[PDB]
Every structure is written in structure tokens, then in C-alpha cells.
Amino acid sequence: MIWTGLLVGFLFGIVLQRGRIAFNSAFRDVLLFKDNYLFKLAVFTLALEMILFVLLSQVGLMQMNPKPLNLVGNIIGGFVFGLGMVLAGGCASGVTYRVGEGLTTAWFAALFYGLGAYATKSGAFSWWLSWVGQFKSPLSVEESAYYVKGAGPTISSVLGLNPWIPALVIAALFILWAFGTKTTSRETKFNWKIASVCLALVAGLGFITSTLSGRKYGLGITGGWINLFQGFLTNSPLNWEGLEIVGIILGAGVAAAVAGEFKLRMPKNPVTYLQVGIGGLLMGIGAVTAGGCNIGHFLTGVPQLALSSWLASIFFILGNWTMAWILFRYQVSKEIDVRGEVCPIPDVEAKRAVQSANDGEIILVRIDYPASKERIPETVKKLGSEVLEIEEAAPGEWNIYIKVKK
């Protein structure tokens, strides 16, 4: 049973890698650049999961298990996890799958993420988690077809409604907005509509299989990394979530390689390793304090209508916003080289290069992250210019050619 985590994690990783599904980017870019592509993906997926999780519970394939409510932990830990997201150059699922893509910064961030989460759970930061534990809400639900006994409060349970009703109302609202609203364009072939459907299916598969293996929950990140570290350092057995992490990495790597997008990568400046290192530590403290991360709380907990998960997600986003302001703000006439610069940067340095350019000029942009080669084309068409061709130099490296137009 436990070995189904490797399979679910493998599929999870392919979807994350092919879709460029980075929630840290989704929260950040909806503030910095009014980009909602990844936010539409998130909302549509949450909507599908809302319908799927209650449907799968109805027919007896799983029970929902909302995480307990803890206002101090969910808020403070949520917020601190939001800060670390931006510093580490991605949320925990994003860091995890970028490991298999070949980014050494993500190797660094995952190490400090795992160690910091381990340390907050049972080591040098245990005292903090103990202090936060006193503020846990005693509110719980009773065993039913929908809920594991003793789980945390939901929108349904507070309202006294069958979980089907808020699930359908909220999802329909989510879908109305996702579809009745304009979305930022991207060149991703694995587009946000079909990625949402795949991601939710993988989500349901994970809740089912993980439950059979004795972990009554769907996809998560933080507990998988702690299960792996416990295994290596204490010889404890691996569990479903530990194997899911392995699967994510392996799946993202396979998917990157087959797409010719795998490449061992380094940042432009060495100090980034210090940044993503501190960032990963903040994430480990935040996630453990909060009781879950971008996946455990947001992708998996929100569609269960868990109050803890809605609350922690609000502060995931506010922390992301705080840290994002702290950190941010063929002839060939000019050449900009943004290889190894953090995923916001290539789009920003290519926008500023097209603006600070004369008409008819041909600009070369050098990138080595595939998310940017599907974002810069749209930023270019909304500036008057047009992309001539995206040519692959090395594997995992692409040259973008732009003809400026007024």
C-alpha cells in the first residue's frame, strides 16, 4: 500500500512540472504583474477537488479529514511560511519538483526546509511548537461518511449542512469566476484547464491510496520530507507521504528530461544560495507551526472546507505579498542574459529591455528556465513587439529573439 505514494507522487510531479504549477508564483504574480493564469488553475482545481472529495466520500472510497483549527498556529505559521516561499524561490511543492528539474538552489532549499521542519517538530524549535499547541481549538466533527472522527471544523459543520451543499455552491462560484473572467495568456501546452482536471484526479487518487496505507489524508509536502529525514537519520520506515516526495522528484525529473528541459543549474549570484537557504528554513518553521503547507493546507485542505486551511491560506498569501515587496519592487542589437535568475526576473528584465529600446531593433533574451519561455512571449505582444523565434541552445537553455515595434 505504502508504495502507491511513489506512483501518486510520480504522477503529481509530472503534472507540476509540465504545467509549471508554482503557487508561490501564483500568489506573487497576481500582485506584482496582475497575472492570474496560475490563480485560475488553482481556483478551478480547488473547485474540482471540492466536488471530487465529497463524491469520493459519498461512495465510500475515502473520508475527508480536515486539519484541526489553531488560530495562532494557522495565522503566524501561515504568515511565516508565506515569507519563506518568496525567499526560497518557490513553495514546498515547487521546491520539491524543481529538485528533479536540476536546480541546485532547490536542492539547497529542500535541505534546509526538511531540517527546519524536523527541528520545529521535535528538535531545537520544539519549544515554539509546544507553545503554539496550547491555542488549539477543541472544535471537532463526529465520524460520518464525510469525516474522520475528531477532525477539525468545516464550513459545513459550523453551518449544520450536509457537506454536499457548500461544496457545490462554492465550487460553482469558483468555476463561474474561473471561466467567466479573463485569464492571462501563456504558451504552456499543458494549459490551466486540463492541468486542473489532471491535478484534481491525482489529488483524489492520493486521498484514496494514502488512506488505504493508513494515512487518512490526501497530498502533502511537509510530512513527506520529515518522513524521509526520519528514515535516513533514525532508520524508521518510510510511509506513503515519504514515498510521495520521492515520486514527485522522480516524476518531475522524468518529465523535464523527456521535454528536453532538464539541466543542472546554478543561480546568477552565489548569495542566492544563502537566500533560498534561509527561505527553506522559514518554510519548515512556518509549515510545521501552521500545520500544513501550500499543498497540505491550500490544495488539499481548502476543498475540504477546513477552516484551519482557509485561514492558513489567507496568511500564506499575505506573507508571500510581504516578502515579495521586500525583495522586489538575427542581427541582434542588444543582448540580455538572465540565465540563472529567479523566475520573476527574466520577464522583468526582458520587459525593461524592450521598453528601453528603439524601433526595429532585434533583442536577444537568454533564459534557462522553461516557465519564462512561455511567459515572455505574452509580455512581448502586450508591448507592441513580436517574438521572432525561441531557439534552444543547450538542453534547458533557450534564446528569445524580439523585434521592437514603437
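Counting begins at 1, following the sequence as shown.
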For the step residue 189 to residue 190, what size class fits the number of deposited residues with no coordinates, none, 1 to 3, 4 to 9, or 10 or more?
none
Tell me which stretch, 178-186 or 93-101, has the higher mean Cα B-factor listed in the entry.
178-186
Higher avg CA temperature factor (154-162 vs 240-248, as deposited) belongs to 154-162
Among 364, 47, 38, 54, highest Cα B-factor in the entry goes to 364
Split the chain's modelled residues into thirds by Cα B-factor; is residue 8 in the lowest, middle or highest one?
lowest
Quick check on the deposited entry: does the C-alpha B-factor of residue 136 sit in the lowest, middle or highest third of its chain?
middle
In terms of its chain's C-alpha B-factors, the third that includes residue 330 is the highest
Select lowest, middle or highest to describe the third in which the CA B-factor of residue 21 falls within its chain in this entry.
middle
Looking at the C-alpha B-factor of residue 66, is it in the lowest, middle or highest third of its chain?
middle
